[PDB]
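> If it helps, the file is called target14.cif and holds mmCIF, C-alpha atoms:
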data_start
loop_
_atom_site.label_atom_id
_atom_site.label_comp_id
_atom_site.auth_asym_id
_atom_site.auth_seq_id
_atom_site.Cartn_x
_atom_site.Cartn_y
_atom_site.Cartn_z
CA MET A 1 0.00 0.00 0.00
CA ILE A 2 0.91 3.64 -0.28
CA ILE A 3 0.29 7.02 1.28
CA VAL A 4 -0.75 10.00 -0.75
CA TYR A 5 -0.43 13.40 0.87
CA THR A 6 -2.20 16.48 -0.56
CA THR A 7 -3.22 19.82 0.93
CA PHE A 8 -6.45 21.81 0.65
CA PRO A 9 -7.57 25.49 0.83
CA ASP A 10 -10.25 24.83 3.41
CA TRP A 11 -12.20 22.01 5.01
CA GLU A 12 -15.01 22.38 2.42
CA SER A 13 -13.09 21.05 -0.54
CA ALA A 14 -11.00 18.60 1.48
CA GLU A 15 -14.14 16.75 2.61
CA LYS A 16 -15.68 17.19 -0.84
CA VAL A 17 -12.60 15.81 -2.66
CA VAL A 18 -12.01 13.12 -0.04
CA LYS A 19 -15.59 11.78 0.11
CA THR A 20 -15.79 11.86 -3.66
CA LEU A 21 -12.60 9.76 -3.73
CA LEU A 22 -13.92 7.21 -1.20
CA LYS A 23 -17.27 6.97 -3.02
CA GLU A 24 -15.46 6.32 -6.29
CA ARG A 25 -13.41 3.90 -4.09
CA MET A 26 -10.09 5.38 -5.22
CA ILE A 27 -8.89 5.25 -1.63
CA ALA A 28 -9.95 3.30 1.44
CA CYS A 29 -9.31 5.92 4.10
CA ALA A 30 -8.42 9.60 4.64
CA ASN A 31 -7.13 11.54 7.64
CA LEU A 32 -7.49 15.31 7.44
CA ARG A 33 -6.03 17.80 9.84
CA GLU A 34 -5.29 21.52 9.59
CA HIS A 35 -1.74 22.94 9.48
CA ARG A 36 -0.14 26.32 8.80
CA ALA A 37 1.50 26.52 5.36
CA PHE A 38 4.63 28.63 4.89
CA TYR A 39 5.55 28.69 1.25
CA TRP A 40 7.13 30.53 -1.64
CA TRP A 41 4.35 31.98 -3.73
CA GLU A 42 4.80 34.27 -6.68
CA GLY A 43 5.97 37.53 -5.05
CA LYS A 44 6.26 36.64 -1.36
CA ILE A 45 6.66 34.06 1.43
CA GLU A 46 3.01 33.42 2.20
CA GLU A 47 1.49 32.03 5.36
CA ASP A 48 -2.05 30.68 5.44
CA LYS A 49 -4.13 27.95 7.05
CA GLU A 50 -4.53 24.65 5.22
CA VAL A 51 -6.15 21.30 5.55
CA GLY A 52 -3.67 18.54 4.85
CA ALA A 53 -4.91 15.11 3.88
CA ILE A 54 -3.42 11.64 4.28
CA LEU A 55 -4.99 9.28 1.73
CA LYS A 56 -4.33 5.56 1.92
CA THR A 57 -4.81 3.18 -1.01
CA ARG A 58 -3.29 0.57 -3.37
CA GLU A 59 -0.01 1.21 -5.14
CA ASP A 60 -1.57 0.17 -8.47
CA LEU A 61 -4.07 3.01 -8.00
CA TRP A 62 -1.40 5.76 -7.69
CA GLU A 63 -1.62 6.70 -11.37
CA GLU A 64 -5.43 7.05 -11.71
CA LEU A 65 -5.70 8.63 -8.27
CA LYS A 66 -3.16 11.32 -9.14
CA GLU A 67 -5.19 11.93 -12.28
CA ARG A 68 -8.43 12.09 -10.34
CA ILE A 69 -7.16 14.66 -7.81
CA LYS A 70 -5.82 16.90 -10.53
CA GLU A 71 -9.44 16.90 -11.81
CA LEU A 72 -10.98 17.50 -8.36
CA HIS A 73 -8.56 19.80 -6.53
CA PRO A 74 -9.48 23.48 -5.93
CA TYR A 75 -5.84 24.23 -6.55
CA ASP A 76 -4.72 24.69 -10.07
CA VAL A 77 -1.70 22.59 -9.07
CA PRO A 78 -2.17 20.29 -6.10
CA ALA A 79 0.67 18.73 -4.18
CA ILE A 80 0.12 14.99 -4.78
CA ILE A 81 2.90 13.18 -2.92
CA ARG A 82 3.18 9.40 -2.87
CA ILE A 83 5.00 7.70 -0.03
CA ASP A 84 5.13 3.90 -0.31
CA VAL A 85 4.47 1.88 2.83
CA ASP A 86 7.30 -0.58 3.51
CA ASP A 87 5.04 -2.81 5.55
CA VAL A 88 1.64 -3.07 7.07
CA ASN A 89 -0.27 -5.34 9.42
CA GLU A 90 -2.25 -8.36 8.66
CA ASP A 91 -5.87 -7.59 8.60
CA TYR A 92 -5.71 -3.87 7.64
CA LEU A 93 -4.36 -4.27 4.16
CA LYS A 94 -7.03 -6.90 3.46
CA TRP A 95 -9.59 -4.38 4.66
CA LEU A 96 -8.03 -1.80 2.29
CA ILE A 97 -7.93 -4.11 -0.72
CA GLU A 98 -11.61 -4.80 -0.27
CA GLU A 99 -12.48 -1.12 0.14
CA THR A 100 -10.90 0.03 -3.10
CA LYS A 101 -12.42 -0.29 -6.59
CA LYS A 102 -11.16 -3.22 -8.63
CA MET B 1 15.18 3.90 11.88
CA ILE B 2 11.55 3.72 10.94
CA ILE B 3 8.22 5.43 11.45
CA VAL B 4 5.15 3.58 12.55
CA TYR B 5 1.82 5.31 12.12
CA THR B 6 -1.33 4.09 13.91
CA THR B 7 -4.62 5.76 14.82
CA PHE B 8 -6.65 5.72 18.03
CA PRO B 9 -10.33 6.09 19.10
CA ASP B 10 -9.59 8.77 21.66
CA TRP B 11 -6.73 10.36 23.57
CA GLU B 12 -7.23 7.93 26.49
CA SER B 13 -6.00 4.82 24.74
CA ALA B 14 -3.45 6.64 22.58
CA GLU B 15 -1.59 7.85 25.68
CA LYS B 16 -2.18 4.51 27.38
CA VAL B 17 -0.84 2.48 24.41
CA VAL B 18 1.96 4.96 23.73
CA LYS B 19 3.27 5.23 27.30
CA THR B 20 3.03 1.48 27.69
CA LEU B 21 5.16 1.18 24.54
CA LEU B 22 7.80 3.67 25.76
CA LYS B 23 7.93 2.01 29.19
CA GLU B 24 8.47 -1.37 27.55
CA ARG B 25 10.99 0.63 25.42
CA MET B 26 9.50 -0.61 22.15
CA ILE B 27 9.79 2.92 20.78
CA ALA B 28 11.85 5.95 21.71
CA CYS B 29 9.34 8.68 20.91
CA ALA B 30 5.69 9.31 19.95
CA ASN B 31 3.89 12.33 18.49
CA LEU B 32 0.11 12.29 18.82
CA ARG B 33 -2.27 14.70 17.22
CA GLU B 34 -5.99 14.56 16.45
CA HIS B 35 -7.37 14.34 12.89
CA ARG B 36 -10.77 13.72 11.29
CA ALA B 37 -11.09 10.21 9.81
CA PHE B 38 -13.19 9.67 6.68
CA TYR B 39 -13.38 5.99 5.94
CA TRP B 40 -15.31 3.10 4.49
CA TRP B 41 -16.88 1.21 7.35
CA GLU B 42 -19.28 -1.67 7.01
CA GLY B 43 -22.46 0.03 5.73
CA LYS B 44 -21.42 3.66 5.27
CA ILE B 45 -18.73 6.33 4.76
CA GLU B 46 -18.09 7.25 8.38
CA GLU B 47 -16.59 10.42 9.76
CA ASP B 48 -15.27 10.63 13.31
CA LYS B 49 -12.50 12.22 15.33
CA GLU B 50 -9.29 10.29 15.86
CA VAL B 51 -5.93 10.57 17.51
CA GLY B 52 -3.19 9.64 15.10
CA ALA B 53 0.19 8.60 16.42
CA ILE B 54 3.69 8.79 14.95
CA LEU B 55 5.93 6.23 16.67
CA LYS B 56 9.66 6.24 16.05
CA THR B 57 11.92 3.24 16.70
CA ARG B 58 14.45 0.72 15.32
CA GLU B 59 13.77 -1.19 12.13
CA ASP B 60 14.66 -4.47 13.86
CA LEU B 61 11.82 -3.77 16.30
CA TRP B 62 9.11 -3.48 13.59
CA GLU B 63 8.02 -7.11 13.98
CA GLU B 64 7.63 -7.25 17.79
CA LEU B 65 6.18 -3.74 17.88
CA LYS B 66 3.48 -4.63 15.35
CA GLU B 67 2.73 -7.63 17.53
CA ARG B 68 2.61 -5.54 20.66
CA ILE B 69 0.15 -2.97 19.24
CA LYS B 70 -2.17 -5.67 18.02
CA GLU B 71 -2.26 -6.77 21.69
CA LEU B 72 -2.74 -3.22 23.05
CA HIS B 73 -4.94 -1.43 20.52
CA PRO B 74 -8.61 -0.64 21.37
CA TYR B 75 -9.35 -1.41 17.75
CA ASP B 76 -9.93 -4.95 16.80
CA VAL B 77 -7.76 -4.19 13.76
CA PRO B 78 -5.35 -1.29 14.11
CA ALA B 79 -3.69 0.42 11.20
CA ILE B 80 0.01 -0.29 11.82
CA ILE B 81 1.92 1.36 8.97
CA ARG B 82 5.71 1.24 8.73
CA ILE B 83 7.54 3.92 6.80
CA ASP B 84 11.32 3.49 6.73
CA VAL B 85 13.46 6.58 7.25
CA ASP B 86 15.97 7.02 4.43
CA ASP B 87 18.26 9.07 6.61
CA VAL B 88 18.55 10.75 9.93
CA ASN B 89 20.89 13.10 11.75
CA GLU B 90 23.85 12.32 13.80
CA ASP B 91 23.05 12.47 17.41
CA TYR B 92 19.30 11.65 17.25
CA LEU B 93 19.57 8.09 16.09
CA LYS B 94 22.15 7.42 18.81
CA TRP B 95 19.65 8.85 21.28
CA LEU B 96 17.00 6.50 19.81
CA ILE B 97 19.19 3.41 19.88
CA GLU B 98 19.85 4.01 23.55
CA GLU B 99 16.18 4.60 24.35
CA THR B 100 14.92 1.33 22.91
CA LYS B 101 15.09 -2.08 24.61
CA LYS B 102 17.95 -4.29 23.49
CA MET C 1 11.91 15.16 -3.91
CA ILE C 2 12.02 14.39 -0.23
CA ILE C 3 10.29 15.13 3.05
CA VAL C 4 12.16 16.31 6.08
CA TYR C 5 10.37 16.10 9.41
CA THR C 6 11.64 18.00 12.48
CA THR C 7 9.97 19.14 15.70
CA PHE C 8 10.12 22.44 17.57
CA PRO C 9 9.75 23.70 21.19
CA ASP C 10 7.19 26.33 20.30
CA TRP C 11 5.71 28.15 17.33
CA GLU C 12 8.24 31.00 17.72
CA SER C 13 11.29 29.07 16.61
CA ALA C 14 9.41 26.86 14.15
CA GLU C 15 8.34 29.91 12.12
CA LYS C 16 11.75 31.50 12.67
CA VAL C 17 13.66 28.40 11.50
CA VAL C 18 11.19 27.67 8.71
CA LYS C 19 11.07 31.19 7.22
CA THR C 20 14.83 31.44 7.48
CA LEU C 21 15.03 28.17 5.51
CA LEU C 22 12.61 29.36 2.79
CA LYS C 23 14.41 32.72 2.51
CA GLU C 24 17.73 30.92 2.09
CA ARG C 25 15.67 28.75 -0.34
CA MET C 26 16.76 25.51 1.32
CA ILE C 27 13.19 24.27 1.06
CA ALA C 28 10.22 25.21 -1.08
CA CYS C 29 7.43 24.64 1.43
CA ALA C 30 6.73 23.89 5.11
CA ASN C 31 3.64 22.64 6.95
CA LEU C 32 3.65 23.15 10.71
CA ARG C 33 1.15 21.77 13.14
CA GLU C 34 1.22 21.17 16.89
CA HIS C 35 1.29 17.68 18.45
CA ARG C 36 1.82 16.23 21.93
CA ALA C 37 5.26 14.63 22.35
CA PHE C 38 5.66 11.59 24.61
CA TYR C 39 9.30 10.72 24.89
CA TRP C 40 12.12 9.25 26.92
CA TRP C 41 14.10 12.11 28.36
CA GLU C 42 16.95 11.78 30.81
CA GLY C 43 15.16 10.72 34.03
CA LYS C 44 11.52 10.35 32.97
CA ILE C 45 8.87 9.82 30.28
CA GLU C 46 8.10 13.43 29.46
CA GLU C 47 5.00 14.86 27.85
CA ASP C 48 4.94 18.34 26.36
CA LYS C 49 3.46 20.29 23.47
CA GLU C 50 5.44 20.59 20.26
CA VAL C 51 5.26 22.07 16.83
CA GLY C 52 6.12 19.50 14.21
CA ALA C 53 7.24 20.61 10.79
CA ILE C 54 7.03 18.98 7.37
CA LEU C 55 9.68 20.48 5.07
CA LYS C 56 9.68 19.68 1.38
CA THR C 57 12.72 20.10 -0.88
CA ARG C 58 15.21 18.50 -3.31
CA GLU C 59 16.98 15.27 -2.45
CA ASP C 60 20.34 16.83 -3.38
CA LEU C 61 19.71 19.43 -0.68
CA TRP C 62 19.29 16.87 2.16
CA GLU C 63 22.92 17.17 3.27
CA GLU C 64 23.21 20.99 3.48
CA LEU C 65 19.69 21.28 4.88
CA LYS C 66 20.45 18.86 7.71
CA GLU C 67 23.53 20.95 8.39
CA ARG C 68 21.56 24.17 8.33
CA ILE C 69 18.92 22.98 10.82
CA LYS C 70 21.54 21.76 13.24
CA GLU C 71 22.79 25.38 13.16
CA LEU C 72 19.29 26.91 13.53
CA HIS C 73 17.38 24.56 15.83
CA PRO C 74 16.58 25.62 19.44
CA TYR C 75 17.21 22.02 20.36
CA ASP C 76 20.70 20.96 21.04
CA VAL C 77 19.84 17.85 19.01
CA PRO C 78 16.98 18.19 16.55
CA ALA C 79 15.17 15.27 15.01
CA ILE C 80 15.95 15.68 11.29
CA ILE C 81 14.20 12.81 9.51
CA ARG C 82 14.35 12.38 5.74
CA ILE C 83 11.61 10.47 3.97
CA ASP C 84 12.08 10.19 0.20
CA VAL C 85 9.03 10.73 -2.00
CA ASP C 86 8.50 7.80 -4.37
CA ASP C 87 6.56 9.94 -6.79
CA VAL C 88 5.02 13.31 -7.26
CA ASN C 89 2.76 15.11 -9.71
CA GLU C 90 3.65 16.98 -12.76
CA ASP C 91 3.64 20.62 -12.13
CA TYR C 92 4.41 20.62 -8.37
CA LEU C 93 7.92 19.30 -8.55
CA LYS C 94 8.73 21.87 -11.25
CA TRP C 95 7.37 24.52 -8.89
CA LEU C 96 9.64 23.08 -6.14
CA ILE C 97 12.75 22.92 -8.29
CA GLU C 98 12.30 26.58 -9.14
CA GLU C 99 11.71 27.58 -5.52
CA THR C 100 14.90 26.08 -4.16
CA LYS C 101 18.38 27.63 -4.37
CA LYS C 102 20.58 26.28 -7.14
#
Starting from the file, lay out its structure as structure tokens.


Amino acid sequence: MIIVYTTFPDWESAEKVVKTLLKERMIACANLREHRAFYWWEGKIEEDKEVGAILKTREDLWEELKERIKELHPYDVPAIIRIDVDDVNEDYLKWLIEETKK
Amino acid sequence: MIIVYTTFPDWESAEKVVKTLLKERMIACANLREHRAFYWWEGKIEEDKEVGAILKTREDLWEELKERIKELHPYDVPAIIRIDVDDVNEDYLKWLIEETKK
Amino acid sequence: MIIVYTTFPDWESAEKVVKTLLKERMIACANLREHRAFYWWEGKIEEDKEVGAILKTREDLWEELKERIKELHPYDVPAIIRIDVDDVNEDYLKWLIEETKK
């Protein structure tokens, strides 16, 4: 399995994008939590409030999922970061395989 | 070293499981923080509040630690995700080797 | 690209260290968020409040960045953890390459 981390403008879209993704079964689970973003943006170091999301799904889905977020994200260019999981416990991953579209 | 991410029902058990783990010296450090879980559960997309935990220990401990959490987790099937650390600074990891059971 | 996770005593230094890093262009973006630390410290299992940071930059920068944090961190021995990103979307990483010193 893998972890996909992306950030959102506000809770609205995060929940919207995330529930859409679960419905479509692109991911099994999501963990959202706010955080303060400090980043280089066009003419200045900006600081705003964001809603980061931790999506968890199948490695084979990485491609189509990345595609799907591009299409759903409020941001013209989302951060879609994939971090592979080197190991996971025996039940969970069976629960995740079942929960994601085939 | 590696990172082990697991989620809890509430702060009660998170602290209970986490302090138990440190005592037993299964991990050197833990970082807990709440997050909103959106996941596929039996008959519906549920949404609740959770307490995610970031455990940090030795790679050789991964096996026994996974075992230990299964035995301690409130959840009948915990998410026990291992993410290997590709590199870490020189002091910290010595501090972590010392802090974990031999 | 890679992820560098480090923790801070309070928001003061986190923002100070993080903005310094962006200015110097050592990293493109940072996401800070508080968390409760439970860790083995000298004579006891301590529990305090921390400000964890997720720094995102180039893998080639890992070395100099680790060096730089050691020099900037309030902590005599920071946790500087590097987690490589196995994949990232096509725009973002171009935006990150541009945002980091050459």

> Compute the chain A side of the contact with chain B at 9 Å, counting all atoms listed in the file, and hand it back as a PyMOL selection string.

chain A and resi 15+18-19+22-23+25+27-34+83-93+99

> Let's have the selection written as a compact mmCIF listing (two decimals), in the frame of the given file, with C-alpha atoms.


# COMPACT_ATOMS: atom_id res chain seq x y z
CA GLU A 15 -14.14 16.75 2.61
CA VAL A 18 -12.01 13.12 -0.04
CA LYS A 19 -15.59 11.78 0.11
CA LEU A 22 -13.92 7.21 -1.20
CA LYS A 23 -17.27 6.97 -3.02
CA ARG A 25 -13.41 3.90 -4.09
CA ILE A 27 -8.89 5.25 -1.63
CA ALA A 28 -9.95 3.30 1.44
CA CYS A 29 -9.31 5.92 4.10
CA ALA A 30 -8.42 9.60 4.64
CA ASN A 31 -7.13 11.54 7.64
CA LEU A 32 -7.49 15.31 7.44
CA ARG A 33 -6.03 17.80 9.84
CA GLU A 34 -5.29 21.52 9.59
CA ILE A 83 5.00 7.70 -0.03
CA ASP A 84 5.13 3.90 -0.31
CA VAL A 85 4.47 1.88 2.83
CA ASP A 86 7.30 -0.58 3.51
CA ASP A 87 5.04 -2.81 5.55
CA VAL A 88 1.64 -3.07 7.07
CA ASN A 89 -0.27 -5.34 9.42
CA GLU A 90 -2.25 -8.36 8.66
CA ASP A 91 -5.87 -7.59 8.60
CA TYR A 92 -5.71 -3.87 7.64
CA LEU A 93 -4.36 -4.27 4.16
CA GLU A 99 -12.48 -1.12 0.14

> Mind doing a quick least-squares superposition of chain B onto chain A, all C-alpha atoms paired one-to-one in order, and writing it out as a PDB file with C-alpha atoms, keeping the file's coordinate frame?


ATOM      1  CA  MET B   1       0.000   0.003   0.004  1.00  0.00           C
ATOM      2  CA  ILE B   2       0.913   3.634  -0.273  1.00  0.00           C
ATOM      3  CA  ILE B   3       0.287   7.022   1.277  1.00  0.00           C
ATOM      4  CA  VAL B   4      -0.750  10.004  -0.745  1.00  0.00           C
ATOM      5  CA  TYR B   5      -0.438  13.404   0.870  1.00  0.00           C
ATOM      6  CA  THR B   6      -2.196  16.483  -0.559  1.00  0.00           C
ATOM      7  CA  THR B   7      -3.219  19.825   0.933  1.00  0.00           C
ATOM      8  CA  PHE B   8      -6.443  21.814   0.655  1.00  0.00           C
ATOM      9  CA  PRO B   9      -7.565  25.493   0.827  1.00  0.00           C
ATOM     10  CA  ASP B  10     -10.247  24.829   3.406  1.00  0.00           C
ATOM     11  CA  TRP B  11     -12.205  22.012   5.013  1.00  0.00           C
ATOM     12  CA  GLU B  12     -15.007  22.382   2.425  1.00  0.00           C
ATOM     13  CA  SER B  13     -13.094  21.052  -0.545  1.00  0.00           C
ATOM     14  CA  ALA B  14     -11.002  18.600   1.478  1.00  0.00           C
ATOM     15  CA  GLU B  15     -14.139  16.753   2.608  1.00  0.00           C
ATOM     16  CA  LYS B  16     -15.678  17.192  -0.832  1.00  0.00           C
ATOM     17  CA  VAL B  17     -12.599  15.809  -2.659  1.00  0.00           C
ATOM     18  CA  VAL B  18     -12.015  13.116  -0.040  1.00  0.00           C
ATOM     19  CA  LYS B  19     -15.581  11.776   0.107  1.00  0.00           C
ATOM     20  CA  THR B  20     -15.788  11.865  -3.664  1.00  0.00           C
ATOM     21  CA  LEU B  21     -12.607   9.761  -3.725  1.00  0.00           C
ATOM     22  CA  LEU B  22     -13.922   7.207  -1.195  1.00  0.00           C
ATOM     23  CA  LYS B  23     -17.265   6.972  -3.014  1.00  0.00           C
ATOM     24  CA  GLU B  24     -15.456   6.319  -6.286  1.00  0.00           C
ATOM     25  CA  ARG B  25     -13.402   3.904  -4.086  1.00  0.00           C
ATOM     26  CA  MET B  26     -10.090   5.383  -5.223  1.00  0.00           C
ATOM     27  CA  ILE B  27      -8.893   5.247  -1.622  1.00  0.00           C
ATOM     28  CA  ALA B  28      -9.951   3.296   1.438  1.00  0.00           C
ATOM     29  CA  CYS B  29      -9.310   5.920   4.103  1.00  0.00           C
ATOM     30  CA  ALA B  30      -8.418   9.603   4.634  1.00  0.00           C
ATOM     31  CA  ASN B  31      -7.126  11.536   7.648  1.00  0.00           C
ATOM     32  CA  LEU B  32      -7.490  15.308   7.442  1.00  0.00           C
ATOM     33  CA  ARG B  33      -6.034  17.799   9.831  1.00  0.00           C
ATOM     34  CA  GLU B  34      -5.294  21.519   9.581  1.00  0.00           C
ATOM     35  CA  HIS B  35      -1.741  22.931   9.481  1.00  0.00           C
ATOM     36  CA  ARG B  36      -0.145  26.322   8.805  1.00  0.00           C
ATOM     37  CA  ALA B  37       1.503  26.522   5.362  1.00  0.00           C
ATOM     38  CA  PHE B  38       4.635  28.635   4.893  1.00  0.00           C
ATOM     39  CA  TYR B  39       5.553  28.690   1.249  1.00  0.00           C
ATOM     40  CA  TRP B  40       7.125  30.522  -1.641  1.00  0.00           C
ATOM     41  CA  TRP B  41       4.347  31.984  -3.730  1.00  0.00           C
ATOM     42  CA  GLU B  42       4.805  34.273  -6.682  1.00  0.00           C
ATOM     43  CA  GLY B  43       5.969  37.532  -5.049  1.00  0.00           C
ATOM     44  CA  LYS B  44       6.260  36.640  -1.363  1.00  0.00           C
ATOM     45  CA  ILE B  45       6.663  34.062   1.433  1.00  0.00           C
ATOM     46  CA  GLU B  46       3.009  33.417   2.200  1.00  0.00           C
ATOM     47  CA  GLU B  47       1.489  32.026   5.356  1.00  0.00           C
ATOM     48  CA  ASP B  48      -2.054  30.674   5.445  1.00  0.00           C
ATOM     49  CA  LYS B  49      -4.123  27.945   7.043  1.00  0.00           C
ATOM     50  CA  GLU B  50      -4.526  24.656   5.218  1.00  0.00           C
ATOM     51  CA  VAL B  51      -6.156  21.291   5.550  1.00  0.00           C
ATOM     52  CA  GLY B  52      -3.676  18.545   4.848  1.00  0.00           C
ATOM     53  CA  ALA B  53      -4.911  15.111   3.879  1.00  0.00           C
ATOM     54  CA  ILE B  54      -3.418  11.639   4.279  1.00  0.00           C
ATOM     55  CA  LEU B  55      -4.988   9.281   1.729  1.00  0.00           C
ATOM     56  CA  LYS B  56      -4.333   5.561   1.917  1.00  0.00           C
ATOM     57  CA  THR B  57      -4.813   3.178  -1.019  1.00  0.00           C
ATOM     58  CA  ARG B  58      -3.286   0.568  -3.366  1.00  0.00           C
ATOM     59  CA  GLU B  59      -0.013   1.210  -5.144  1.00  0.00           C
ATOM     60  CA  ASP B  60      -1.570   0.172  -8.466  1.00  0.00           C
ATOM     61  CA  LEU B  61      -4.069   3.009  -7.999  1.00  0.00           C
ATOM     62  CA  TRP B  62      -1.403   5.759  -7.685  1.00  0.00           C
ATOM     63  CA  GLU B  63      -1.624   6.702 -11.370  1.00  0.00           C
ATOM     64  CA  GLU B  64      -5.426   7.042 -11.711  1.00  0.00           C
ATOM     65  CA  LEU B  65      -5.703   8.627  -8.270  1.00  0.00           C
ATOM     66  CA  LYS B  66      -3.159  11.319  -9.142  1.00  0.00           C
ATOM     67  CA  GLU B  67      -5.195  11.926 -12.272  1.00  0.00           C
ATOM     68  CA  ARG B  68      -8.426  12.091 -10.344  1.00  0.00           C
ATOM     69  CA  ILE B  69      -7.158  14.666  -7.807  1.00  0.00           C
ATOM     70  CA  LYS B  70      -5.829  16.893 -10.534  1.00  0.00           C
ATOM     71  CA  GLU B  71      -9.441  16.897 -11.815  1.00  0.00           C
ATOM     72  CA  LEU B  72     -10.979  17.500  -8.357  1.00  0.00           C
ATOM     73  CA  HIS B  73      -8.561  19.797  -6.534  1.00  0.00           C
ATOM     74  CA  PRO B  74      -9.484  23.485  -5.933  1.00  0.00           C
ATOM     75  CA  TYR B  75      -5.838  24.237  -6.554  1.00  0.00           C
ATOM     76  CA  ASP B  76      -4.721  24.689 -10.063  1.00  0.00           C
ATOM     77  CA  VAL B  77      -1.701  22.586  -9.070  1.00  0.00           C
ATOM     78  CA  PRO B  78      -2.170  20.287  -6.098  1.00  0.00           C
ATOM     79  CA  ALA B  79       0.668  18.729  -4.183  1.00  0.00           C
ATOM     80  CA  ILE B  80       0.120  14.997  -4.776  1.00  0.00           C
ATOM     81  CA  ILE B  81       2.903  13.186  -2.914  1.00  0.00           C
ATOM     82  CA  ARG B  82       3.186   9.397  -2.872  1.00  0.00           C
ATOM     83  CA  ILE B  83       4.999   7.696  -0.030  1.00  0.00           C
ATOM     84  CA  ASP B  84       5.126   3.903  -0.306  1.00  0.00           C
ATOM     85  CA  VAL B  85       4.476   1.880   2.837  1.00  0.00           C
ATOM     86  CA  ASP B  86       7.295  -0.578   3.513  1.00  0.00           C
ATOM     87  CA  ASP B  87       5.039  -2.811   5.544  1.00  0.00           C
ATOM     88  CA  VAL B  88       1.643  -3.074   7.070  1.00  0.00           C
ATOM     89  CA  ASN B  89      -0.268  -5.341   9.419  1.00  0.00           C
ATOM     90  CA  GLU B  90      -2.248  -8.353   8.658  1.00  0.00           C
ATOM     91  CA  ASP B  91      -5.869  -7.590   8.599  1.00  0.00           C
ATOM     92  CA  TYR B  92      -5.705  -3.873   7.640  1.00  0.00           C
ATOM     93  CA  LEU B  93      -4.369  -4.269   4.154  1.00  0.00           C
ATOM     94  CA  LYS B  94      -7.027  -6.904   3.455  1.00  0.00           C
ATOM     95  CA  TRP B  95      -9.589  -4.379   4.663  1.00  0.00           C
ATOM     96  CA  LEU B  96      -8.030  -1.806   2.284  1.00  0.00           C
ATOM     97  CA  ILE B  97      -7.927  -4.116  -0.716  1.00  0.00           C
ATOM     98  CA  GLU B  98     -11.615  -4.794  -0.271  1.00  0.00           C
ATOM     99  CA  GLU B  99     -12.479  -1.114   0.134  1.00  0.00           C
ATOM    100  CA  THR B 100     -10.892   0.034  -3.109  1.00  0.00           C
ATOM    101  CA  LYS B 101     -12.420  -0.289  -6.589  1.00  0.00           C
ATOM    102  CA  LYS B 102     -11.165  -3.220  -8.627  1.00  0.00           C
TER     103      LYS B 102
END

> Take CA of residue 6 in chain A and CA of residue 55 in chain A and report the distance between them in Å, one decimal.

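If I compute the distance from CA of residue 6 in chain A to CA of residue 55 in chain A, I get 8.1 Å.
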
> Going by the chain IDs and residue numbers used in this file, which residues fall under the PyMOL selection byres ((chain B and resi 101) around 8)? Write them as a VMD selection string.

chain B and resid 24 to 26 98 to 100 102

> Measure the distance from CA of residue 72 in chain B to CA of residue 3 in chain B in Å and round it to one decimal.

18.2 Å

> Hey, can you check how far CA of residue 1 in chain B sits from CA of residue 96 in chain B?

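One can read the CA of residue 1 in chain B to CA of residue 96 in chain B distance as 8.5 Å.
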